[PDB]
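Have a look at the structure below, then the notes.
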Amino acid sequence: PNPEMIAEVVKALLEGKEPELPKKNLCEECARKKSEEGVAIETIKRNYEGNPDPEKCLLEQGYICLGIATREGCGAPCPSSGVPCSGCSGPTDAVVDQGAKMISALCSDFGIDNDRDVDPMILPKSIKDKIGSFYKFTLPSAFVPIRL
Amino acid sequence: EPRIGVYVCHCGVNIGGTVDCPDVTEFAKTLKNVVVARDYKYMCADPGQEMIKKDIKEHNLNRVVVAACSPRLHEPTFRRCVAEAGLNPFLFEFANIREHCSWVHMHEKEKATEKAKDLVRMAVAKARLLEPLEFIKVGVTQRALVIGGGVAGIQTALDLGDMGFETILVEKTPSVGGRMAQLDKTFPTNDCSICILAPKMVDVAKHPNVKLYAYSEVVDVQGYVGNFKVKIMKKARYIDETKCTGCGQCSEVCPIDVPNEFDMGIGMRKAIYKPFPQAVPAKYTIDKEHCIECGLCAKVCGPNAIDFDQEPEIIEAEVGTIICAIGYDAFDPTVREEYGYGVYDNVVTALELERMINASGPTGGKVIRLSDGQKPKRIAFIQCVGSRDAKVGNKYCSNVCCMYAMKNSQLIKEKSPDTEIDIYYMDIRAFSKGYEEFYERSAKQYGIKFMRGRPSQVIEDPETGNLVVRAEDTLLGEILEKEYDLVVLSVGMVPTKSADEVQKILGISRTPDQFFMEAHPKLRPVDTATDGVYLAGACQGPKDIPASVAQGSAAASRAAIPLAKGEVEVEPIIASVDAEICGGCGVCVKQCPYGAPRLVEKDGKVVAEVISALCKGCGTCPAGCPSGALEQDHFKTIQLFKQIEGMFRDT
Amino acid sequence: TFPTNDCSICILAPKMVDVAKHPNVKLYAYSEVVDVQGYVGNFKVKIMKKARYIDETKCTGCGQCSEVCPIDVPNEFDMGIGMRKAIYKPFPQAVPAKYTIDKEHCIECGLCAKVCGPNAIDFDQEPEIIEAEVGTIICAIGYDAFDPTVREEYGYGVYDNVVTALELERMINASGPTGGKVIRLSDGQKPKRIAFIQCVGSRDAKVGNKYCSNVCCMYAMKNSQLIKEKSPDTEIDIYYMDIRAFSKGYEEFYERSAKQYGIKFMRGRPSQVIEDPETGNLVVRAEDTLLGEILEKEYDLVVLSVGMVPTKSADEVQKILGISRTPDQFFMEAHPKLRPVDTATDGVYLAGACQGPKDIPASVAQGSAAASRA
Amino acid sequence: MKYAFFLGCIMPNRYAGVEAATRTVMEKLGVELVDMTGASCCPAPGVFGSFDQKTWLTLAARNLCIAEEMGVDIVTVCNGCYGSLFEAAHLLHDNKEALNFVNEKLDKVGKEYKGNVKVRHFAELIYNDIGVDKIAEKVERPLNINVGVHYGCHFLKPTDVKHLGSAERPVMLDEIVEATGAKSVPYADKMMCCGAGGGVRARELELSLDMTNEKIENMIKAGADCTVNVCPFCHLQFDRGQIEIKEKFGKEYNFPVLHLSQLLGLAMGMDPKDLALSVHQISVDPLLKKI
Amino acid sequence: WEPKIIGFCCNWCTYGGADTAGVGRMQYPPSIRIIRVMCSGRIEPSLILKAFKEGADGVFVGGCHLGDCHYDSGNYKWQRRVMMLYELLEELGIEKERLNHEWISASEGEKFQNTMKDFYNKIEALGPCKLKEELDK
Amino acid sequence: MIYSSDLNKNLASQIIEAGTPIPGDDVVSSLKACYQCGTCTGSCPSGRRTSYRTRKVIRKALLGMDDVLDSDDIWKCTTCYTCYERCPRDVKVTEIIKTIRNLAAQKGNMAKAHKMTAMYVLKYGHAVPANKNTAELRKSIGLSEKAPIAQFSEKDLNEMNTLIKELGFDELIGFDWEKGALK
Ligand SMILES: Cc1cc2nc3c(=O)[nH]c(=O)nc-3n(C[C@H](O)[C@H](O)[C@H](O)COP(=O)(O)OP(=O)(O)OC[C@H]3O[C@@H](n4cnc5c(N)ncnc54)[C@H](O)[C@@H]3O)c2cc1C
Ligand SMILES: Cc1cc2nc3c(=O)[nH]c(=O)nc-3n(C[C@H](O)[C@H](O)[C@H](O)COP(=O)(O)OP(=O)(O)OC[C@H]3O[C@@H](n4cnc5c(N)ncnc54)[C@H](O)[C@@H]3O)c2cc1C
Ligand code: SF4
Ligand code: SF4
Ligand code: SF4
Ligand code: SF4
Ligand code: SF4
Ligand code: SF4
Ligand code: SF4
Ligand code: SF4
Ligand code: SF4
Ligand code: SF4
Ligand code: SF4
Ligand code: SF4
Ligand code: SF4
Ligand SMILES: O=S(=O)(O)CCS
Ligand code: FES
């Protein structure tokens, strides 16, 4: 957790108040420019495939950015530094399983501009390691937290 | 805290006969928050409904769960019931223990009971997290749309018009009347078809409350009951309707010969034409696919009606209710190879025969062979072609084939008493008023012969063109091999080609027979599961003219209800964004096909916001939302989570 | 009710419940239209509210009075299979949920008057006449079943185990007098072999009915499926001429009846029924036309698939409304193809089986159609 | 293309030439016919299927195992054997109760069917995989004579399990025979049964001969010089049956009978001595004078 | 042992297909328990994963045919979700087969009937899913 | 005159059970869907030259006429599958007839030629076994004197005998193993 957040929580308890965590998802703090029309993903690229644009949203560029499925608070240092968010803060109060939701979102917008005719097999074939892409910091809290 | 009432129905023996209801009712009591649980033979009935109403008051219930039939049938019924008791309709939950259990696990009673118990628990689990919601009161636009200008649709349009409601009738071809217009006479009265339909076609064309768009198609429909925004495409005839008189001089000089669709290919028409002489509107049309633009027709046109530079106009209209009456098509028998349709020249479909028998037909009412133009002395009618047949995927009865075969046999006899007409059948189905009498008369008065036997095949003599019919006379137990001059296939009814387009535009379902699906065969025969959309005529299923007309009137009555009220209740199961949780990721925006969720600025930050009028409550964006800020009322993730738990344990 | 096999109450009861508490519908049950005068738009009708001898507003509909009543009268609703009392309700799901006393059988002892909580019983009740002005009238007096006593060879009325299909319905119904049990009236036993006879009182000139009753084929197969569900071992044979399963899902039901439920069909109109006076069993004489051989099978129960005939009061209604009849004796529509629910008499409309033999889907559509027209 | 060649009964033991014709014809088309050692009767569905379905399938599965142990699919020149082994294959793959019973029996002989064998008819194999174009390329002696094509019944039917197009109006063999220069004359009731099938030739001989007499009559009236079949059972019925018809009915047609492979042999410059036309009950010489 | 199968059906099509089989008396195994949803677009990996945690030996999802969604395109989103999910399950040691999604219309009761027979059998053959036991340890 | 006492109410079920699991319950139970239309009889090539009526076999089965198992009519079917292909009610007609014949065989209604053919597959593993002329003919053409079939392979021949015994086919045809002939 960032230092200031740790102080705020401790400070609240000392005062007698109840600590309140931020509720929004990361995009809010994130400074990257979002398309007004909404998010649309064409192809999924690995963190080494390419040289990202510093202004445009990393998810729209085809990188798996977990900011969308991650609670704000950190100040979104990863996208600000040129890399996707890996969801280190975990989900919001309204989401139990971060990976499941991150996928739902990723699948929904993948090939949306060709929604009816886009191949649904492009995404699973593209991502070789699914667990490590969406459950990096939250596998134990997931509905299915182990491999049988 | 929730105080749920559980009511297990027996539906007589439908449920009771398989599912041990009393046992489910005992189990229901053991579940958390269940303060009452009873079992009654018919929960939807008066004593059943009063039971629930009395208990909500006496025990102060804030939830109700009914374990019975599918909610697709009685969800509204019970919602109305509990609403009268003071309980919100959205605090009520339905457990499907009949269609989804008792009726499918009859030989496995013990498991059926256990499964019912799970479904009660599941339902009860969701019910705990249900919230009270307010039905959306929306206005009804005082206007009706009828799609399909056949006898069925003209009836609906005329009844609504006569009732004083603005109505729009859209007809694909250049003229109304439909199939009926192609028939010569109509059983059981043998009334000249067109002759009785024409005045209705004429009335509907000059009705003050009915706007007619012939040679037009509904290309896009959007909205919900009472608030439908439709777009009709007025196809380009390439002729000015206000200037045209329908004299038909143009056709006499046109050099292009196109097969007449109205005449089922038997006749040839010109590029410039009129479907039939009694057509309404009495105007002409140019078929650009075959027109060579020589300009010979313009020369004989007095009032300058022709215009080759015509743009097909799109008209925007707001309606409250929509009635579907696209009608039907005839079965293409080419698939039943043994009968030889398509290979043998003298094997015709009954619809083709109708066009031949018709006075205004391409043969001038003459039943002739297509091989030599001769008059057939012996005719064979083959029944159930494309019907009551699994090999062609049509395991249904087309309803009229028996009756029209006999009818057309009477007409050949009137025109030519010496003709030998044999009807090969399985069951003569003359079930309506005068039908059996019509059947008796066909044999007694006209001497029409009937063979009980489904023909095995048809074999043409390549020398004479005559056809031999192979079949078994089941009433004699002997095999027949009779020779005929013409073979008439009594082709069944199948949905019209454009039904798939209409289904998608209106958003209605199909029955196993591929025709449009009614809400409930007896509870609501012209209504559809989709509020505001209704059905009428043959598109709903194979039927005769009296039946289609009744449906047209029935549908108008049903469609007149919302329009008469002016206000209707729409389900509030819509998506909403929790502004405190949403960070404006933009995932939701494009998932909605109606564009309900849109990004907006609020309190200095970007947040998604759904436009309640545009949401149709599908549940894609809440499912897609990775922050959980977006939720669908009545189908929230926590409610579905509790329901998944309900299958395995109580909560 | 075919072809879905839903319960009749499923579709009917909610419509009954709704119409009884409708703000725009005034209901006069146990009443009759005795006089109609006027013309379209200006009809002046007179309805006779019959005396139930029970206050409608005070009656709760509990039925404690019924068990104490001493006289046992046969129930009309059960078609003579079950018995009711002087004070009664036609069926448990009846609407209005009120009771009625029959003074022709009531001896006026006053026993149920003590068990009646709200003092509903009022013996000095006058049947009130209500005057009303209407614009349109819709006739839906329905139909009656064919009395087969005339077809002597079948033995209805003489042989104990020869029942009409309508009686079978009451026998099979859960809320029936036998509690859904199909039993013989000779000994109360369950029949192991049942025979269904089709077109009884239909497609028959000898009884004056040269028409098809439309629903006979369908309900026979239906009730055969029910007997099979309740008792799979039972042998059910249907003697027919033409299986008339013509509407949506109808033929599929016919296929299903033979394929799934193992219902047998004999194409042959029976010549006669002969009871064995020793066992009470019945022998059915007929020809298997598909074999060209004569059959003489034995059955434990013979069900006559009785046709439709106009209801008894149709002649009274005919005169009051001033409408015509078709050759089949049912009410005559204006035109058989374009005005199917209208009558030649402006303002008067038809709806249901009184217009002609038809099924529930058709009767429901006509009701809506007639309402549109009216 | 490698396939285990199921011989059967009639072809190897009686009309051997049909085997020699097939072997050399399939060799020229590029198909390796590996020996299916120890292969018994299909068995004949006409007798076995009617006597005991269990015995028919159990025995048919046993023969299927032979090719499975080899790791190849089966090919045949007989409709009878094709129908039997194809139906057996379909049923064992679809019905698990039949597969269990059969394997329980096969366990006693150390066998087990796994559902990997595919049964092919040499005619449909030639039409779908190899191609009609390849037949024409190997025509050394173009046979210019009219032919009375006899498709048989068990080749295309049942269509729901075979999936070889229409059975009422087929063009599979017609295109194959016409590639040699011959002419497939259309005759009355072209798809009717020869009459031999279902054990009828044995139990009801006279009846079967009546059906064959009709087929022959129609072919000769259509202008046919011979009859080509794809089934040794049909071959026997059309060849040996003519003798029975002459000795019984009294009718003599001296109509030459040939198998499709035998016909293809002549087209690919084969020696008539190697096609065993002398062992035929009806002389093939009249046709040889026309080619 | 009898499998515990859970189904998620769209109201306008598969739920209607499950009803049509009920009306038609199309018998099938009593393992499945259907959960109603307006659209298959409502379904998402969280629900399927949640069900497996709870003890589901099999999970069935029914929606409208592609191009017939009562809500136009909810089934396309679901379709994209279910493909990833099949592979996610493999990585989590759960057999692809334990999850099954089909497009069944309101009239396709005979298909629904067969899909149910075939699904039960697949799950019966694979045996019980041993996840819940391994987590309670 | 056909009375109840002459009919067997279970005949139809007996045919279905004989058809289970080979060719299968669903296949044979299709007879229950026959609506006596006669398309099978009109299609039948045997019916064109005999008293055989395909539709009546199904009728007798549904009615309970056991005599159908003793009828020569069922053995007149060539199994051309034409009726099977055209039936509009999906009746697996050809398959039903074969199953009916299975019951007929169990009742002892089998022709000698048929039992002889069955004996040759039991003894020599083939319906048409090789004769002295086969060996000479195969040689003169350019093929192996003896074909690679179960006839000249004891291993395969014995495997069949094991299966046959277990199946009871030998008992069905009434074959005496020691004498090597039928009874
Ligand atoms: C050979 C034959 C003989 C028959 N004989 C008789 C008889 O003697 N008596 C009898 O009562 N019945 C008979 N029928 C049945 C009769 O045709 C129907 O009952 C009647 O047509 C039903 O009316 P309909 O308007 O609902 O259908 P239709 O007549 O088919 O009319 C539907 C109308 O909608 C239009 N339409 C189609 N698609 C679209 C679209 N996408 N948008 C807008 N409009 C569209 C069509 O052009 C048509 O005008 C017969 C049927 C056949 C096949
Ligand atoms: C044995 C049997 C089985 C059947 N099964 C089926 C089935 O499975 N499916 C199906 O769809 N259909 C079935 N039917 C047909 C069904 O009964 C009718 O379609 C339906 O009942 C007709 O309804 P109705 O209102 O038109 O006539 P009715 O039901 O008879 O209603 C007529 C009403 O009018 C009242 N009435 C009569 N005269 C007067 C008067 N003078 N004043 C005031 N009121 C009056 C009567 O009391 C009655 O309530 C069956 C019929 C029978 C006989
Ligand atoms: S980059 Fe990752 S985090 Fe920054 S906005 Fe686009 S998505 Fe949200
Ligand atoms: S990874 Fe941890 S830090 Fe980097 S962005 Fe996502 S959350 Fe903020
Ligand atoms: S177009 Fe000109 S010519 Fe053809 S009809 Fe209308 S008017 Fe007569
Ligand atoms: S233009 Fe020449 S062609 Fe096109 S229609 Fe008028 S005439 Fe016939
Ligand atoms: S109506 Fe007469 S013909 Fe048309 S299908 Fe039903 S039965 Fe066959
Ligand atoms: S998707 Fe969920 S989060 Fe991303 S914006 Fe729409 S609502 Fe707010
Ligand atoms: S729910 Fe279906 S409809 Fe309502 S908004 Fe989200 S997507 Fe558009
Ligand atoms: S309808 Fe639903 S409630 Fe009314 S009875 Fe039949 S099941 Fe019980
Ligand atoms: S008792 Fe008095 S109240 Fe209770 S029912 Fe009989 S009458 Fe109506
Ligand atoms: S009084 Fe009339 S009613 Fe009351 S009980 Fe004696 S009889 Fe039955
Ligand atoms: S319905 Fe079937 S039974 Fe009743 S009359 Fe018409 S034909 Fe006879
Ligand atoms: S065809 Fe099928 S249906 Fe018509 S008879 Fe032969 S068997 Fe019964
Ligand atoms: S199969 Fe047997 S029955 Fe069906 S047709 Fe060929 S012969 Fe006649
Ligand atoms: O059916 S038989 O094996 O007897 C003939 C082969 S097509
Ligand atoms: S409504 Fe069924 S999938 Fe969308």
Side-chain angles (χ1 to χ4, degrees), chain A residues 108, chain B residues 237-254 270 272-274 281-286 297-307 427-432 435-436 439 573-577 588-598 608-625 630-633 635, chain C residues 146 165 196-204 209 211-221 238-246 254 269 304-308 357 359, chain E residues 38-39 41-42 69-74 77:
Chain A
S108 297
Chain B
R237 289 174 179 261
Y238 301 109
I239 296 181
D240 198 326
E241 287 191 55
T242 57
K243 299 293 185 183
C244 178
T245 64
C247 75
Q249 286 164 20
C250 51
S251 76
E252 297 190 33
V253 304
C254 181
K270 300 289 189 287
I272 183 157
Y273 68 105
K274 201 177 43 166
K283 308 290 172 182
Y284 274 63
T285 305
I286 298 165
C297 56
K299 307 287 138 279
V300 303
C301 191
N304 63 46
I306 306 204
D307 177 31
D427 296 280
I428 289 301
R429 266 149 195 193
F431 50 84
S432 209
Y435 294 36
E436 177 70 14
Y439 166 44
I573 56 141
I574 56 160
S576 46
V577 178
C588 57
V589 186
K590 297 188 160 181
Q591 286 180 73
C592 181
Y594 317 114
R598 295 186 200 170
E609 194 175 38
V610 174
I611 299 140
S612 317
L614 301 166
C615 166
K616 260 167 202 198
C618 78
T620 302
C621 72
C625 170
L630 248 184
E631 281 306 323
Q632 170 181 17
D633 279 330
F635 292 95
Chain C
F146 176 73
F196 270 88
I197 297 177
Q198 299 315 97
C199 318
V200 180
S202 302
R203 306 185 55 188
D204 182 1
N209 298 337
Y211 59 86
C212 164
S213 275
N214 186 285
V215 314
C216 336
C217 269
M218 288 298 282
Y219 71 58
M221 289 181 299
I238 296 178
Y239 288 81
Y240 81 98
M241 279 197 292
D242 296 278
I243 293 291
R244 286 179 179 174
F246 49 86
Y254 166 43
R269 197 181 164 283
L304 306 189
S305 298
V306 293
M308 300 211 194
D359 49 49
Chain E
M38 297 327 291
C39 200
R42 177 75 191 87
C69 174
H70 180 104
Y71 302 104
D72 270 38
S73 52
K77 281 86 184 176

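Ligands are counted one by one from 1 in listed order, and the atoms in each one are counted from 1 as well. Letters go in sequence order (proteins before strands), and every chain restarts at 1. Values reported hereafter were calculated over all heavy atoms of this structure, with side chains retained and with hydrogens, waters and symmetry mates removed.
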Find the distance between [atom1] ([X]) and [atom2] ([Y]) and round it off to the nearest 0.5 Å.
X	Y	atom1	atom2	result
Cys254(B)	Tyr284(B)	SG	OH	11.5 Å
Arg269(C)	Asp204(C)	CZ	CG	5.0 Å
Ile306(B)	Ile272(B)	CD1	CD1	4.5 Å

Inset, instruction - List the atom of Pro303(B), the atom of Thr245(B), and the distance in Å for their closest heavy-atom pair. - result: CG-CG2, 4.2 Å
Inset, instruction - Taking all heavy atoms of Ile574(B) and all of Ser612(B), pick out the closest pair and write down the distance. - result: CD1-CB, 4.0 Å
Inset, instruction - Enumerate the protein N/O/S atoms at a distance below 2.8 Å from atom 8 (Fe) of ligand 5, ignoring waters. - result: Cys247(B) SG
Inset, instruction - Using a strict cut-off of less than 4.0 Å between a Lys/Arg side-chain nitrogen and an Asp/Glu carboxylate oxygen, indicate whether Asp72(E) and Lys616(B) qualify as a salt bridge. - result: no
Answer yes or no: is there a donor N or O on one side and an acceptor on the other, between the side chain of [X] and the main chain of [Y], under 3.5 Å?
X	Y	answer
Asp240(B)	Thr242(B)	yes
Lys270(B)	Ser251(B)	no
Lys77(E)	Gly624(B)	no

Legend entry - For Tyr254(C), all residues meeting ring pair (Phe, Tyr, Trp, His ring centres under 6.0 Å), sequence neighbours excluded: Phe265(C)
Legend entry - CA sep, side-chain torsions, deciding dist, call: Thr620(B), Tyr71(E), side-chain contact (heavy atoms from CB on, under 4.5 Å): CA-CA 9 Å; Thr620(B) 302; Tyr71(E) 302 104; over 6 Å; no
Inset, instruction - Tell me how many protein N, O or S atoms are closer than 2.8 Å to atom 8 (Fe) of ligand 13. - result: 1
Inset, instruction - Give the intermediate values and the outcome of side-chain contact (heavy atoms from CB on, under 4.5 Å) for residues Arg237(B) and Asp307(B). - result: CA-CA 9 Å; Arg237(B) 289 174 179 261; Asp307(B) 177 31; over 6 Å; no
Inset, instruction - Could you give me a count of protein N/O/S atoms that are under 2.8 Å from atom 2 (Fe) of ligand 9? - result: 1
Legend entry - Validation row: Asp359(C), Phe431(B) side chains within 4.5 angstrom (heavy atoms): no
